Each structure stands twice: as structure tokens, then as C-alpha cells.
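Before any comments, here is the structure.
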Amino acid sequence: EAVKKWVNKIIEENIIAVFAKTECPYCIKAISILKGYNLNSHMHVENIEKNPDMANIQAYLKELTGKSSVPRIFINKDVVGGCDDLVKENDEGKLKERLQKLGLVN
Ligand SMILES: [Pt+2]
Ligand SMILES: [Pt+2]
């Protein structure tokens, strides 16, 4: 239960929640895209590889999203998914619409 509660608190306390790991190019790219929207104040990045419970965290992220890979991206508890999902939403205008509805971008 403790792992699930830990992941949940990260997702609930931060509007933009990103689970990543060390030296992960698509993590870095996703985080960079999000920071380009000046989301820093409402973003939290958790490195789940530097964690004794990495497998449990990944299994729970898969239960929540369908995939165990990082990056895993949540916006106001909604599953965005991975960096490719973020790029699709960004290119098609859905990311900006998300952030507008949250008051995060004018
Ligand atoms: Pt943070
Ligand atoms: Pt691992």
C-alpha cells in the first residue's frame, strides 16, 4: 500500500507530475517541452530509478496508464502518457488546451 500512496501523493500534490529516470532522453525531452510552457511552479519530476521500489512503482504506473516505461506523465491526475503522447498533444493543440483549462497558460 505504501508504494501506491507514495505515487498517488506525487500525482495529487503536483498538477504536472512526471516519473522519470537517469539518462533518459525522452524524459529530458518531455520535461523540456513542459518547462517551455513555464510550468516549473506546478511541475514535479520524480526519478524512480533512484528508488529501492522501482519495480513496484513501474508496475503501479502500468496499472494507472497501461505502460511501465518512463517518462510517465500526468496532468491534473489525467494520464497524458509518454513523451510521444506529449508530442502528439503538443503538435495537435491539446496540450495547450489542457493547460489553458487549468489556468496555467493564458
Ligand atoms: Pt518538485
Ligand atoms: Pt528498474
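The figures that follow rest on heavy atoms only: side chains count, while hydrogens, waters and symmetry mates do not. Position 1 is the first residue of the sequence; numbering continues from there.
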**Asked** Closest approach of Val105 and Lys96, non-hydrogen atoms and distance?
**Response** CG2-O, 4.0 Å
**Prompt:** Which one of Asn14, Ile10, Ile15, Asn8 satisfies the side-chain contact (heavy atoms from CB on, under 4.5 Å) criterion with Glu12?
**Reply:** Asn8
**Complete:** To the nearest 0.5 Å, atom CD of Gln100 lies from atom CG of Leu95 at 10.0 Å
Atom pairs and distances, donor-acceptor, side-chain atoms in residues 68-75, under 3.5 Å, two or more places apart:
| residue | atom | partner | partner atom | Å |
| --- | --- | --- | --- | --- |
| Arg72 | NE | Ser69 | O | 2.9 |
| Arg72 | NH1 | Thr65 | OG1 | 2.9 |

**Prompt:** Quick one: disulfide (SG to SG under 2.5 Å) pairs with a partner in residues 12-46, sequence neighbours left out?
**Reply:** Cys24-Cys27
**Prompt:** Rounded to the nearest 0.5 Å, how far apart are NZ of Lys21 and CD1 of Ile57?
**Reply:** 13.0 Å
**Item:** Candidate pair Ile11 and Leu64, rule side chain to side chain contact (heavy atoms under 4.5 Å, CB included), full reasoning
**Value:** CA-CA 11 Å; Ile11 297 168; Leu64 291 180; 3.8 Å; yes
Without placing hydrogens or testing angles, list every side-chain donor-acceptor pair under 3.5 Å for residues 80-90, not counting sequence neighbours.
| residue | atom | partner | partner atom | Å |
| --- | --- | --- | --- | --- |
| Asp85 | OD2 | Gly82 | N | 2.8 |
| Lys88 | NZ | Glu92 | OE1 | 2.6 |
| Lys88 | NZ | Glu92 | OE2 | 3.2 |
| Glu89 | OE1 | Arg98 | NE | 2.8 |
| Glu89 | OE2 | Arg98 | NH2 | 2.9 |
| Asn90 | OD1 | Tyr37 | OH | 2.5 |

**Path from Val45 to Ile33 over hydrophobic side-chain contacts below 4.5 Å** = yes
**Shortest non-hydrogen contact between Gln58 and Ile48, atoms and distance** = CG-CD1, 3.6 Å
**Asked** According to the salt bridge (charged side-chain N to carboxylate O under 4.0 Å, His left out) rule, which pairs have a member within residues 57-70, sequence neighbours left out?
**Response** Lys4-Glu63
**Prompt:** Does the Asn76 side chain pair with the main chain of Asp78, one donor and one acceptor, at a distance under 3.5 Å?
**Reply:** no
**Asked** Atom CG in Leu61, atom CD in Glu46: separation rounded to 0.5 Å?
**Response** 10.5 Å
**Item:** From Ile31 atom CD1 to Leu39 atom CG, the distance as rounded to the nearest 0.5 Å
**Value:** 12.0 Å
**Message:** Tell me every residue that passes salt bridge (charged side-chain N to carboxylate O under 4.0 Å, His left out) with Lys35, counting only those two or more places apart in sequence or in another chain.
**Reply:** none
**Asked** To the nearest 0.5 Å, what is the distance between CG (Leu99) and NZ (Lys94)?
**Response** 10.5 Å
**Cluster check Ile28, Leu34: I/L/V/M/F/W/Y, side chain < 4.5 angstrom** = no
**Item:** Pairwise distance OH(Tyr60) to CH2(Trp6) - rounded to 0.5 angstrom
**Value:** 12.0 Å
